[PDB]
Structures are given as structure tokens and as C-alpha cells.
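First the structure, in the form of C-alpha cells, and then the observations on it.
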Protein chains: 2
Amino acid sequence: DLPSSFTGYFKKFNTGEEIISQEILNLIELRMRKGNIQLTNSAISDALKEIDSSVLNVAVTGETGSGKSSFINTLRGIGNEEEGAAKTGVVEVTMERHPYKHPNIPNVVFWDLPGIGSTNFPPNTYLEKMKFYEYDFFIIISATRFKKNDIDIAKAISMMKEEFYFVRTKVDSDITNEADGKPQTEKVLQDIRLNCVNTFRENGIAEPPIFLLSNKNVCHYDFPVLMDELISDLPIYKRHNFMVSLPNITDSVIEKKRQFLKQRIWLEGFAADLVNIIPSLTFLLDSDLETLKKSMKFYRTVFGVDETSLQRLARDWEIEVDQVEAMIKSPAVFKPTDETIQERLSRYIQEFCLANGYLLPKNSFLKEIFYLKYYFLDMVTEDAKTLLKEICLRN
Amino acid sequence: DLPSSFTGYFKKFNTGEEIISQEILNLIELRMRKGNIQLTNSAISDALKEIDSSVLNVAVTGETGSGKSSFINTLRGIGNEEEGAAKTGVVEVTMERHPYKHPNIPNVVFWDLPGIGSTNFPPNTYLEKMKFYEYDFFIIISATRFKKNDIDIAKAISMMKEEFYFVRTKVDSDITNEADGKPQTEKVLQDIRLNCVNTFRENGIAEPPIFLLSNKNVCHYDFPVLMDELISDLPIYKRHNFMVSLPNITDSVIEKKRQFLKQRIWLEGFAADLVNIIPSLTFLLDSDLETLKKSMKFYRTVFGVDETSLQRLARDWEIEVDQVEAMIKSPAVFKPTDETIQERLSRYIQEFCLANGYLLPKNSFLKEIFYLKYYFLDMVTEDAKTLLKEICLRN
Ligand SMILES: Nc1nc2c(ncn2[C@@H]2O[C@H](COP(=O)(O)OP(=O)(O)NP(=O)(O)O)[C@@H](O)[C@H]2O)c(=O)[nH]1
Ligand SMILES: Nc1nc2c(ncn2[C@@H]2O[C@H](COP(=O)(O)OP(=O)(O)NP(=O)(O)O)[C@@H](O)[C@H]2O)c(=O)[nH]1
Ligand SMILES: [Mg+2]
Ligand SMILES: [Mg+2]
Ligand SMILES: [Mg+2]
Ligand SMILES: [Mg+2]
């Protein structure tokens, strides 16, 4: 039956890839069996509302000149040259916090916090004037080893039953400087991980795990692990909003993004009344057409394959966007061509259903718009991996 | 007579533009009158030797993340991307000094000094392990206001009868952040100059003058004044080597460079035996031809009009060097063209002497090579100003 099926699509994903908890999924299944379409749709819409309305506030504290402002621009996927991005080299020194919303996901805000050092208030008033209660978790950055200042902040955070994370930036510079001129014969990474703990263990018991990374190289070292760790500690419903905002550094992250978005499509489709009508018949409406345009540009912006991000492969090899656009099939979706869109989308739907079935029990179907979303999602995901390969060979 | 004339060319320059002191010029004039060509030439060659052999060691101390490493690359005229330049963002943290010679003037070495803060030794051993006696003068950098650490270093420097200079970097970021969003109605510069003194005056009496500048904008604010101030405090004979290494930020600096080089040409010409032979006759030798090539590429590298620096106008407007080379007459000197070089240099000499005479009393002349140097020097200087205009309109 339908209740059985909706429950199961959630099962093909991993336990850490759940867009919604098992507590609510069983609540939706229960309502569905009741037969009251009103309450069922409402519960699903509420779940979607909870996810979409979910706000994440990340507080970042750290000594000057470590890479925390560049760390803000890194996760946001923004260069250190833009005006909307955090000032990457220069430091504010306002004793005043400044928020930074994600360019694509406004519900994601990063806070650059003044180091306790150079604050003009006793740490008792430091934390209060900060308003740290509002944040979901803390990120602690240090360019070298973590000093007492940073450590004392950590202890307070741990004491308040909140999560914190130590981030050691500029690891690339250490390896380069230490290795420079020496023979070919990952020792630097091991020395730094101990050095951070050596200062920790001196005053602070039970040194926590520390992540060594480089804001200039998001794809290597412990950068991937940190993102994975942050999501797991976050509440189930909060993972969705944060996940899509993360940098597309690997195929795993890209695929993970696809998986979450796939579940949201499933949810959205179910929130809408199901039908007995097979898609790919007659023509689509302008309203549903515009909704696909908004959904498409949303998927493209998340996987960094949007026209704005298409500006940044043009600089990698000095190659115009058109040339970059040819590799991927994303931009060539809403392009005015002789081959109408009403006849083009009619083609996408047929290929998808023949290869993947209708995803639902016989005689039951999702609205046409939802099947197109799965197709686009798959298309953009594949494009992200294709674009990724070209990116990795350079720089 | 000849003694009278050699003395006078030095007089047409400013008192602060003297490549050599009045104490030695009078020594050269005395020897000349004696008639002993041996001692006279030797004295001049010694003067040239003293200047050329002159070594300058600049120690730079400062708290982390102010712009002192970028300050090293700024004066050297090197980007923050090169390997030979000081690591511009990242910080060494080796508790160990590192030298940086000028790319064109090896006798100019900049030292990035670890802040007293984070040194593991008492300041009594700090100064000693530093070996600060070797430096001619100190540059003190601070990204905001100067702390007790910096101030105590300053007091010790002042106490040792040595010159020091306070440099406040990143002033551009302060003005931008403070002005951001506000109406059109130089207040920021006045507030910072007092803030530096406010911390100074608290413990340190007689606040010294402080220079506000930006490593991202060498041409504006107090950057020009600092260079002028540094040279004046330096010993006469040491000015030459440092001057030519300085960034070509203004016409005044470029003209000043020309003036010093003009005096050196004069000296070099006099060190060589003078003749009764007029130049621009017959043909030049390959040895003198090669000497002109070395002297030309030397002048071009100083005024930043060399082929290496010609790479950096190509990025300003995305314009190939050839296009940049057309504006200036520097690169088109040693280009294989139908119009031989033996006939080309024969043209430069005639135009120069007709417009500027022989610079010496009747029947007396400098060697041909020296007149060509004056011509090239003038040509390169004019090219520097021409190139400067194109640079200033952009960025
Ligand atoms: N090699 C390397 N350099 C880095 C890294 N992160 C930052 N930097 C360097 O440090 C500068 C960035 O300073 P910034 O990020 O503002 O420091 P911060 O950690 O944000 N703290 P603050 O906000 O006090 O400055 C840049 O000039 C850049 O060269 C990194 O991961 N690797
Ligand atoms: N706006 C602005 N930013 C600057 C200036 N100087 C440096 N910066 C910024 O700060 C970083 C440079 O750090 P750096 O120069 O190494 O600091 P420093 O003063 O050399 N001291 P240290 O050697 O300890 O780092 C760059 O990322 C750059 O954005 C300046 O004059 N203006
Ligand atoms: Mg910041
Ligand atoms: Mg929490
Ligand atoms: Mg340095
Ligand atoms: Mg001195």
C-alpha cells in the first residue's frame, strides 16, 4: 500500500543521510493510514516547513590572522575578493560581532567572533555580550597551537552542553616551509596534531580531536571530515539546510547533497495530492514551468554549476563560459532552441520513467513536476562531478 | 678648469639628492688639482666602490597579521604570489629571523623579525639572539595601535642611538569599513594617528611621528613620505643603493632616481680618463656594446620598465607586452631592425650633444659610452612616467 512505500524510500538512504527523523516519518505513516488526507498533507508540509525555516547560527572565535575570515568565505563558497564575503585578510577589531548569511541559503549565518584577547571586558561579560546561546555550535580556529584564551573558551562551551570544534588552518604553509629544499623523504601533520594537544594537555584535560586543514585547499586533508562531523552532531532536521550550503569538494559530498534533495522531492511530492494520471502527457503549464525554472536554478546554485559559478572555470584555463557550458548539461536546459521546452521536458520524463519506473505502486503517480525534479537533480549532480574533474587538475 | 666643473655638476642637484658627501667631493677636487691622475682616479673608484659595496640591513618587527611581510614584498616591488618574496599572509613562527634580498639590488636585505611576543626568551636575550647591531635602521609595523611590546622595543632602539620608524598598515581597510554605507560627508586618518599616540603617551613619553599607509596602495597617503624620511636619516653614501630599490610610485621618486644615477654616471665618467675626442665618430666596440646592454637592463629593472615588469601591465588591461612596449621607448632599443645598432647608437649621441652640449669645458669630453648612458637614463625615466599614468588609472 501507499503508507508502506512512503516509509521505504527513506530506508534506501543511510542513517546519517536522513532529511527527517524516524520519529516524524512514523507520524506521517500513521496519519496516512488514518485516511485523512487533510492531516497527512499538513504534517508533511509542517516537516518541510521545519526544515526550510530551520536557521543555523555558527559562531567563530579565534586569534587574529589564522584563517577564520577566509574560513567563513570558504564554506560559503565565496572568494576573498567579493564585498559580500568576509574581509579575508584584514581584521575588523570592532569588539562587535558581524553576521554573514550564505549567498544561496539565507538560513545559514556565520559569525566572526572577536578573540577574547583584545576584548575590553572580563570574560564573564565577554560571553554575555556575545549572545552565544543563539548558536547551534561553535568553531574554534587557531593558525598555530591553541592558547589558554582559546582553551578557556572551549571549556566554557563544553560546560554548557554545547558542541565545539577545533580547526587548525594554514597547514599547507607549514608543510611547504618545513619541506622546502629537503629531499623527498605526512610527518608535518602528525607533529602539529600533537603540538595542539601538548598545549591543551598542559591545562586542559581530555584534549578533543583537532582538524588540520587549509582554506586554500578545501578538497584535501581534514576539511572533508570536519564537514561530515559537523552535520552528524547537528539535529536531524537541521542537516538539510547546512548540507546544501557546503562546498562541493568531493563526489561523496555531491552525492550526499543529491540524496538529501531527493528525499525533499519525495516529501514535496507526497505533500501534494497523488494522482492516477501518468506524466508525459499533453502539455505543461507556465506556472509549473516557472516553478521548474526556480527549482533548476536552485539545484544549480547548490552544486555550484550555476551561471555565477560558471564564471570561475573561465579563469582556471582562461576559457569562456560557453566552452565550459558544453561539458555539462545544466545550462543547456532553458536555452531557446528549435529542438520548444514543452516538447523538451516531454522527452526528459519518458526516459526517466522507463529506466526508473514510477517509484510508486501501480496506478499511483507523483505530479509531473516532481519527476522532472529528480531528472534535473540527477543531471546537475553528474554535471558537478564532471566540472569537479576539470577543477581538480588545475591549482 | 676641469676641477671647477666636476665640483659644480654636484651643485645642480638638491642637498638631499647628493650621491656622495661634500667631504669626499672636496677630496676629489683636491687630488685633481694636484695633477696626479693616478690618485684622482683611485679616489673616485673608491667612492664608487663604497657606494656599490654599501650593504643595507633592515630589521622589521611587528605583531602577527599587520602587513609587514607584505611590506617587505612592497618595497622590493614583488607580488605576494612569488616564491622569492616573503610569504604574504602566512607567518613563519620559527622564532628565527629570515633575510630577503632585493631582486635587483642584492645589497639591500629586509629582515622579518619575530614579534617579541611568542619569543620563548626574556627580552634581554631577545635583542641579543636577534643581532640587531647589524642593521642600519628599524621599521616597526602594527596593524592597529602599538602595544607595550612594540613600544618597549622602540625605547630600546632609541636608547642605542639608532633610528626607528612606526608604520601603521591596512589603513585602507579602516577607511572602507568605517565609511561603508555612510554619506559622502580624511577623518579616519586623524583618528588613527591619535589612537597610536594615545597608547604611546600612556607609558612612552614623546610619541614619535607615525605613518599611516596601505600595502595595497603604495602610491597614496604616507607611503611616499616614509621613503623620503628613511633616506634622509641614512648616511649619504648609503642613499644610492636604497633609492634605486624603492617602488616607482611617483614622478618625484622616479626623477630622484634619475638624479642619483646621473651623478653616478658623472662619477664613473670621471673615474675613466677624459679625452679630447668627440663622440659619435666611427663605430662602437662589442665590449662597450655589451656594457651598454648590462647598463640598459640595469636602468630598466630599477624604473620597473624591464621585460619582467612588462608582464604586469598585461594583466592590468589584459594587453600583451608588445602593446605595452609600444608606449615606451625602452624595449625598442636592442631590437634587431633594419634601421644595425652601430648606426642607431650613432643617432642617439648626436641628438643628445646638440641639445645638452658636452657637459664639460671645450676640448674635453667623456667617453662615448657615458653620453649614451645619460640618454638611456633620460629615456627610461620618461618611459617610467608614461607607464605610471597607465598604471594609475586602473586599480
Ligand atoms: N596558506 C594559507 N594561508 C591562509 C589560510 N587561511 C588564511 N590564510 C592567509 O591569511 C590571510 C587571512 O587572514 P584571516 O583569514 O582574516 O585570519 P582569520 O583567521 O580570519 N582571523 P581574523 O578574522 O582575526 O583575521 C590571507 O592573507 C591568507 O594568505 C590557509 O588555510 N592557508
Ligand atoms: N587592506 C590591507 N590589507 C593588508 C595590508 N597589509 C597586509 N594586508 C592583509 O594581511 C595579509 C598579510 O599578512 P602579513 O603581511 O603577513 O602580516 P604581517 O604584518 O606581515 N606580519 P606577519 O609577518 O606576522 O604576518 C594579507 O592577507 C592582506 O590581505 C594593507 O596594507 N592593507
Ligand atoms: Mg573576521
Ligand atoms: Mg547544539
Ligand atoms: Mg614574516
Ligand atoms: Mg643608523
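In the C-alpha cells, the first chain shown is A, the next is B, and so on; residue numbers restart at 1 for each chain, and ligands run from 1 in the order shown.
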
Closest atom pairs, residues of chain B within 8 Å of ligand 2, only C-alpha atoms and all ligand atoms, as CSV:
residue,atom,partner,partner_atom_place_in_ligand_line,distance
B:62,CA,ligand 2,21 (N),6.1
B:63,CA,ligand 2,24 (O),5.5
B:64,CA,ligand 2,24 (O),3.1
B:65,CA,ligand 2,17 (O),3.5
B:66,CA,ligand 2,19 (O),3.2
B:67,CA,ligand 2,19 (O),2.8
B:68,CA,ligand 2,20 (O),3.2
B:69,CA,ligand 2,20 (O),3.1
B:70,CA,ligand 2,15 (O),4.1
B:71,CA,ligand 2,15 (O),6.5
B:72,CA,ligand 2,20 (O),7.8
B:87,CA,ligand 2,16 (O),6.4
B:88,CA,ligand 2,16 (O),4.3
B:89,CA,ligand 2,13 (O),3.7
B:90,CA,ligand 2,16 (O),5.4
B:91,CA,ligand 2,25 (O),4.7
B:92,CA,ligand 2,23 (O),7.1
B:112,CA,ligand 2,23 (O),6.7
B:113,CA,ligand 2,23 (O),7.9
B:114,CA,ligand 2,24 (O),7.3
B:115,CA,ligand 2,24 (O),7.5
B:141,CA,ligand 2,19 (O),6.6
B:142,CA,ligand 2,19 (O),7.0
B:143,CA,ligand 2,19 (O),6.8
B:169,CA,ligand 2,31 (O),4.5
B:170,CA,ligand 2,32 (N),3.3
B:171,CA,ligand 2,32 (N),6.3
B:172,CA,ligand 2,1 (N),5.3
B:173,CA,ligand 2,1 (N),4.7
B:213,CA,ligand 2,31 (O),6.4
B:214,CA,ligand 2,31 (O),3.3
B:215,CA,ligand 2,31 (O),3.4
B:216,CA,ligand 2,31 (O),5.2
B:217,CA,ligand 2,31 (O),7.2

Write the residues you've just listed into a file as a short mmCIF file (atom, residue, chain, number, x, y, z; two decimals), in the first residue's frame, and include N, CA and C atoms for each of them.
data_model
loop_
_atom_site.label_atom_id
_atom_site.label_comp_id
_atom_site.auth_asym_id
_atom_site.auth_seq_id
_atom_site.Cartn_x
_atom_site.Cartn_y
_atom_site.Cartn_z
N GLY B 62 57.15 43.29 14.48
CA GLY B 62 55.73 43.56 14.44
C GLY B 62 54.89 42.39 14.86
N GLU B 63 53.71 42.70 15.37
CA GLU B 63 52.76 41.68 15.79
C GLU B 63 52.22 40.99 14.55
N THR B 64 51.66 39.80 14.73
CA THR B 64 51.22 39.00 13.59
C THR B 64 50.05 39.64 12.86
N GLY B 65 50.05 39.51 11.53
CA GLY B 65 48.91 39.89 10.72
C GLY B 65 48.67 41.37 10.55
N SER B 66 49.75 42.15 10.44
CA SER B 66 49.63 43.59 10.28
C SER B 66 49.88 44.04 8.83
N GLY B 67 50.78 43.36 8.14
CA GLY B 67 51.16 43.70 6.78
C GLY B 67 52.66 43.90 6.60
N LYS B 68 53.46 43.41 7.54
CA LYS B 68 54.91 43.59 7.50
C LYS B 68 55.58 42.67 6.48
N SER B 69 55.02 41.48 6.28
CA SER B 69 55.55 40.57 5.26
C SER B 69 55.18 41.08 3.87
N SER B 70 54.00 41.67 3.76
CA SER B 70 53.57 42.31 2.53
C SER B 70 54.33 43.62 2.34
N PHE B 71 54.77 44.19 3.45
CA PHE B 71 55.56 45.41 3.43
C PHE B 71 56.95 45.13 2.85
N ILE B 72 57.46 43.93 3.14
CA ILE B 72 58.74 43.50 2.60
C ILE B 72 58.66 43.33 1.09
N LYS B 87 56.46 35.38 2.40
CA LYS B 87 55.12 34.80 2.48
C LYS B 87 54.16 35.85 3.01
N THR B 88 53.21 36.25 2.17
CA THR B 88 52.50 37.50 2.43
C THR B 88 51.41 37.42 3.47
N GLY B 89 50.78 36.27 3.60
CA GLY B 89 49.66 36.13 4.50
C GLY B 89 50.10 35.27 5.66
N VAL B 90 50.66 34.11 5.32
CA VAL B 90 51.11 33.17 6.33
C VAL B 90 52.30 33.69 7.10
N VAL B 91 52.44 33.20 8.33
CA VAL B 91 53.51 33.66 9.21
C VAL B 91 54.43 32.54 9.65
N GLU B 92 55.72 32.85 9.67
CA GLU B 92 56.76 31.84 9.79
C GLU B 92 56.73 31.14 11.15
N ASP B 112 62.55 40.10 8.36
CA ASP B 112 61.26 39.97 9.03
C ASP B 112 61.57 39.43 10.41
N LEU B 113 61.32 40.23 11.44
CA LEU B 113 61.67 39.82 12.78
C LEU B 113 60.47 39.32 13.55
N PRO B 114 60.66 38.23 14.30
CA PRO B 114 59.56 37.69 15.10
C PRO B 114 59.17 38.72 16.15
N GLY B 115 57.88 38.85 16.44
CA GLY B 115 57.47 39.79 17.46
C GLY B 115 58.09 39.32 18.76
N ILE B 141 56.14 47.79 12.56
CA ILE B 141 54.80 47.71 11.98
C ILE B 141 53.74 47.22 12.98
N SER B 142 52.56 47.83 12.89
CA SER B 142 51.40 47.48 13.70
C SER B 142 50.10 47.66 12.90
N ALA B 143 49.28 46.62 12.81
CA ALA B 143 48.01 46.66 12.09
C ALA B 143 46.93 47.58 12.69
N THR B 169 49.89 49.87 9.08
CA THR B 169 49.40 49.32 7.82
C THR B 169 47.89 49.11 7.79
N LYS B 170 47.39 48.65 6.65
CA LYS B 170 45.97 48.34 6.47
C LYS B 170 45.03 49.51 6.75
N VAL B 171 45.52 50.74 6.58
CA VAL B 171 44.70 51.92 6.81
C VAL B 171 43.54 51.98 5.82
N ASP B 172 43.72 51.38 4.65
CA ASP B 172 42.69 51.36 3.62
C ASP B 172 41.45 50.61 4.08
N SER B 173 41.65 49.51 4.81
CA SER B 173 40.54 48.71 5.31
C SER B 173 39.73 49.46 6.36
N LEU B 213 49.62 54.00 6.23
CA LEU B 213 49.67 53.61 4.82
C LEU B 213 48.99 52.28 4.56
N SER B 214 48.97 51.89 3.29
CA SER B 214 48.36 50.63 2.86
C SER B 214 49.29 49.89 1.90
N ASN B 215 49.60 48.64 2.21
CA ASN B 215 50.47 47.84 1.36
C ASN B 215 49.81 47.53 0.01
N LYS B 216 48.50 47.74 -0.07
CA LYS B 216 47.76 47.52 -1.31
C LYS B 216 47.71 48.79 -2.16
N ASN B 217 48.16 49.90 -1.60
CA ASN B 217 48.17 51.17 -2.30
C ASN B 217 49.40 52.00 -1.93
#

(request) List all protein, DNA and RNA residues that have any atom at most 8 Å from ligand 4, counting only C-alpha atoms and all ligand atoms, and write the list as a PyMOL selection string. (result) chain A and resi 135-137+161-163+233-235

Could the residues in this selection be saved with N, CA and C atoms as a compact mmCIF listing (two decimals), in the first residue's frame?
# COMPACT_ATOMS: atom_id res chain seq x y z
N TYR A 135 23.61 30.38 19.03
CA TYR A 135 24.28 29.50 18.08
C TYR A 135 24.00 28.02 18.32
N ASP A 136 24.06 27.25 17.24
CA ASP A 136 23.85 25.81 17.30
C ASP A 136 25.14 25.09 17.68
N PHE A 137 26.27 25.63 17.23
CA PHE A 137 27.57 25.06 17.56
C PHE A 137 28.69 26.07 17.30
N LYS A 161 26.99 22.26 27.70
CA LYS A 161 26.35 21.18 26.96
C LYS A 161 26.16 21.54 25.49
N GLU A 162 27.15 22.21 24.91
CA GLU A 162 27.10 22.60 23.50
C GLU A 162 28.33 22.07 22.78
N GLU A 163 28.21 21.86 21.47
CA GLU A 163 29.33 21.32 20.70
C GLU A 163 30.29 22.40 20.22
N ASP A 233 26.62 15.86 14.32
CA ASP A 233 26.33 16.41 15.65
C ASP A 233 25.09 17.30 15.63
N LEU A 234 24.74 17.78 14.44
CA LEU A 234 23.59 18.66 14.27
C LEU A 234 22.29 17.86 14.34
N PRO A 235 21.20 18.50 14.78
CA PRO A 235 19.90 17.83 14.83
C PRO A 235 19.46 17.42 13.43

(request) Return as JSON, numbers by chain the full set of residues in range 148-315 of chain A whose backbone-based DSSP assignment is strand (DSSP E). (result) {"A": [164, 165, 166, 167, 168, 210, 211, 212]}

Could you write those residues out with N, CA and C atoms, as a PDB file, in the first residue's frame?
ATOM      1  N   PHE A 164      31.573  22.058  20.212  1.00  0.00           N
ATOM      2  CA  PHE A 164      32.624  22.956  19.752  1.00  0.00           C
ATOM      3  C   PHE A 164      33.590  22.173  18.874  1.00  0.00           C
ATOM      4  N   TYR A 165      34.317  22.874  18.011  1.00  0.00           N
ATOM      5  CA  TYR A 165      35.262  22.212  17.124  1.00  0.00           C
ATOM      6  C   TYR A 165      36.528  23.036  16.937  1.00  0.00           C
ATOM      7  N   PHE A 166      37.667  22.380  17.114  1.00  0.00           N
ATOM      8  CA  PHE A 166      38.972  22.999  16.936  1.00  0.00           C
ATOM      9  C   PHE A 166      39.433  22.857  15.492  1.00  0.00           C
ATOM     10  N   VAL A 167      39.776  23.982  14.875  1.00  0.00           N
ATOM     11  CA  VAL A 167      40.240  23.984  13.495  1.00  0.00           C
ATOM     12  C   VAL A 167      41.605  24.651  13.365  1.00  0.00           C
ATOM     13  N   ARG A 168      42.584  23.896  12.879  1.00  0.00           N
ATOM     14  CA  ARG A 168      43.931  24.418  12.695  1.00  0.00           C
ATOM     15  C   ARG A 168      44.143  24.728  11.217  1.00  0.00           C
ATOM     16  N   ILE A 210      41.351  17.333  16.874  1.00  0.00           N
ATOM     17  CA  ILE A 210      41.655  18.585  16.196  1.00  0.00           C
ATOM     18  C   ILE A 210      41.826  18.319  14.707  1.00  0.00           C
ATOM     19  N   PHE A 211      41.303  19.234  13.901  1.00  0.00           N
ATOM     20  CA  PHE A 211      41.294  19.072  12.458  1.00  0.00           C
ATOM     21  C   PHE A 211      42.287  20.010  11.772  1.00  0.00           C
ATOM     22  N   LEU A 212      43.226  19.436  11.026  1.00  0.00           N
ATOM     23  CA  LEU A 212      44.220  20.226  10.307  1.00  0.00           C
ATOM     24  C   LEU A 212      43.792  20.402   8.856  1.00  0.00           C
TER      25      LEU A 212
END

(request) Give the answer as one residue: which of B:3, B:99, B:357, B:8 has the shortest atom-to-atom distance to ligand 5, using only C-alpha atoms and all ligand atoms? (result)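 Among the listed residues, B:99 lies closest to ligand 5.
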
(request) Name the residues of range 63-298 of chain B that fall into alpha helix (DSSP H) according to DSSP on the backbone, using the chain letters and numbers of this document, as a ChimeraX atom specification. (result) /B:68-75,123-130,148-159,171-179,187-203,223-233,236-243,251-271,286-298

Kindly save the residues from that selection, with C-alpha atoms included, as a compact mmCIF listing (two decimals), in the first residue's frame.
# COMPACT_ATOMS: atom_id res chain seq x y z
CA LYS B 68 54.91 43.59 7.50
CA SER B 69 55.55 40.57 5.26
CA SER B 70 53.57 42.31 2.53
CA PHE B 71 55.56 45.41 3.43
CA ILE B 72 58.74 43.50 2.60
CA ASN B 73 57.36 42.50 -0.80
CA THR B 74 56.08 46.03 -1.39
CA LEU B 75 59.44 47.80 -1.13
CA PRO B 123 63.71 40.39 26.09
CA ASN B 124 67.26 40.70 27.44
CA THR B 125 68.21 37.67 25.35
CA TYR B 126 65.66 38.55 22.66
CA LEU B 127 67.67 41.53 21.41
CA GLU B 128 70.94 39.60 21.64
CA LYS B 129 69.84 36.48 19.76
CA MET B 130 68.42 38.91 17.20
CA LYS B 148 53.60 47.82 25.09
CA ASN B 149 55.65 45.08 23.40
CA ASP B 150 56.27 47.21 20.32
CA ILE B 151 56.77 50.31 22.46
CA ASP B 152 59.39 48.69 24.71
CA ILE B 153 61.31 47.61 21.62
CA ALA B 154 61.15 51.20 20.37
CA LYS B 155 62.53 52.59 23.64
CA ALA B 156 65.49 50.21 23.49
CA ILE B 157 66.16 51.19 19.88
CA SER B 158 66.03 54.89 20.72
CA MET B 159 68.36 54.24 23.66
CA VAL B 171 44.70 51.92 6.81
CA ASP B 172 42.69 51.36 3.62
CA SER B 173 40.54 48.71 5.31
CA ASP B 174 39.76 51.01 8.23
CA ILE B 175 38.56 53.83 5.98
CA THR B 176 36.48 51.44 3.87
CA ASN B 177 34.80 49.71 6.83
CA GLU B 178 34.11 52.96 8.71
CA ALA B 179 32.82 54.80 5.62
CA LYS B 187 38.72 61.91 9.46
CA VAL B 188 39.75 58.26 9.76
CA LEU B 189 43.42 59.13 9.25
CA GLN B 190 43.27 61.70 12.05
CA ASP B 191 41.60 59.29 14.47
CA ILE B 192 44.20 56.57 13.91
CA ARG B 193 47.18 58.92 14.27
CA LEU B 194 45.86 59.92 17.69
CA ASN B 195 44.97 56.36 18.70
CA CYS B 196 48.56 55.26 18.10
CA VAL B 197 49.80 58.14 20.25
CA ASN B 198 47.11 57.58 22.88
CA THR B 199 48.61 54.18 23.65
CA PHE B 200 52.12 55.58 23.21
CA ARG B 201 51.62 58.56 25.50
CA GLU B 202 50.26 56.29 28.25
CA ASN B 203 53.64 54.68 29.04
CA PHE B 223 53.90 55.78 1.93
CA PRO B 224 55.85 58.36 -0.14
CA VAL B 225 56.78 60.39 2.95
CA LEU B 226 58.17 57.32 4.74
CA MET B 227 60.55 56.52 1.88
CA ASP B 228 61.72 60.14 1.79
CA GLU B 229 62.20 60.12 5.56
CA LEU B 230 64.15 56.85 5.60
CA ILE B 231 66.65 58.09 3.00
CA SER B 232 67.35 61.39 4.78
CA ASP B 233 68.23 59.63 8.04
CA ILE B 236 74.93 59.93 2.37
CA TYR B 237 76.82 57.10 0.66
CA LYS B 238 74.09 54.59 1.59
CA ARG B 239 71.27 56.51 -0.13
CA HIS B 240 72.20 55.38 -3.66
CA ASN B 241 71.72 51.63 -3.15
CA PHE B 242 68.45 52.02 -1.22
CA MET B 243 66.97 54.67 -3.52
CA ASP B 251 57.24 61.15 -10.79
CA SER B 252 59.23 62.72 -7.95
CA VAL B 253 60.68 59.37 -6.86
CA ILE B 254 61.38 58.43 -10.48
CA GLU B 255 63.07 61.78 -11.12
CA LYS B 256 65.02 61.42 -7.87
CA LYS B 257 66.26 58.01 -9.02
CA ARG B 258 67.35 59.56 -12.31
CA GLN B 259 69.22 62.32 -10.47
CA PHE B 260 71.21 59.85 -8.37
CA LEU B 261 72.01 57.66 -11.38
CA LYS B 262 73.02 60.78 -13.31
CA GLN B 263 75.59 61.61 -10.63
CA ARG B 264 76.92 58.05 -10.71
CA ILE B 265 77.33 58.29 -14.48
CA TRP B 266 79.21 61.55 -13.93
CA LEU B 267 81.44 59.89 -11.33
CA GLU B 268 82.01 56.79 -13.47
CA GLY B 269 82.85 59.00 -16.44
CA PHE B 270 85.38 60.96 -14.40
CA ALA B 271 86.93 57.81 -12.94
CA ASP B 286 81.40 44.87 -28.84
CA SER B 287 82.81 45.20 -25.32
CA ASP B 288 81.35 48.69 -24.91
CA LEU B 289 78.23 47.39 -26.64
CA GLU B 290 77.81 44.63 -24.06
CA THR B 291 78.44 47.14 -21.28
CA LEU B 292 75.57 49.26 -22.62
CA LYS B 293 73.32 46.20 -22.64
CA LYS B 294 74.09 45.48 -18.99
CA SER B 295 73.69 49.15 -18.07
CA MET B 296 70.43 49.40 -20.01
CA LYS B 297 68.83 46.34 -18.41
CA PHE B 298 70.00 47.72 -15.08

Selection near residue 323 in chain A, 10 Å with only C-alpha atoms, sequence-local residues under 5 positions removed, as a PDB file with N, CA, C and O atoms, in the first residue's frame:
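Writing the result to part-v4.pdb gives the following:
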ATOM      1  N   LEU A 313      35.436  28.899 -13.930  1.00  0.00           N
ATOM      2  CA  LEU A 313      36.199  27.924 -14.699  1.00  0.00           C
ATOM      3  C   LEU A 313      36.818  28.652 -15.881  1.00  0.00           C
ATOM      4  O   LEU A 313      37.762  28.174 -16.510  1.00  0.00           O
ATOM      5  N   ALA A 314      36.266  29.827 -16.159  1.00  0.00           N
ATOM      6  CA  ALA A 314      36.758  30.694 -17.217  1.00  0.00           C
ATOM      7  C   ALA A 314      38.120  31.266 -16.861  1.00  0.00           C
ATOM      8  O   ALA A 314      38.876  31.680 -17.736  1.00  0.00           O
ATOM      9  N   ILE A 328      28.920  20.319 -19.402  1.00  0.00           N
ATOM     10  CA  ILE A 328      27.782  19.985 -18.552  1.00  0.00           C
ATOM     11  C   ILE A 328      26.458  20.170 -19.292  1.00  0.00           C
ATOM     12  O   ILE A 328      26.386  20.893 -20.279  1.00  0.00           O
TER      13      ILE A 328
END

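Here the question is which of B:316, B:321, B:118, B:249 gets nearest to chain A using only C-alpha atoms, and that residue is B:118.
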
(message) What's the separation between CA of residue 79 in chain A and CA of residue 105 in chain A, in Å to one decimal place?
(response) 16.6 Å

(request) With a distance cut-off of 8 Å and only C-alpha atoms, select the neighbouring residues of residue 108 in chain B, excluding the residue or stretch itself and same-chain residues fewer than 2 positions from it, and output the selection as a list in words. (result)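 These residues fall inside the cut-off: residues 55, 56, 57, 101, 102, 105, 106, 110, 241, 242 and 245 of chain B.
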
(request) Rank nothing, just name the residue among A:21, A:356, A:337, A:61 nearest to ligand 1, using only C-alpha atoms and all ligand atoms. (result)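 Using only C-alpha atoms and all ligand atoms, the shortest distance to ligand 1 belongs to A:61.
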
(message) As an exercise, work out the distance from CA of residue 117 in chain B to atom 22 (P, counted along the ligand's line) of ligand 1 in Å and give it to one decimal place.
(response)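 Computed distance, CA of residue 117 in chain B to atom 22 (P, counted along the ligand's line) of ligand 1, equals 17.7 Å.
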
(message) My list of candidates is B:318, B:278, B:390, B:138. Which is closest to chain A when distances are computed with only C-alpha atoms?
(response) B:318

(request) For each of A:22, A:39, A:94, A:131, take the minimum atom-to-atom distance to chain B, counting only C-alpha atoms, then give the residue where this is smallest. (result) A:94

(message) Just want the 12 Å neighbourhood of residue 387 in chain A, counted on only C-alpha atoms, with same-chain residues fewer than 6 positions away dropped. Output as an NGL selection string.
(response) :A and (248-251 or 254 or 303-306 or 309-310 or 312-314 or 316 or 323-330 or 380-381 or 393-394)
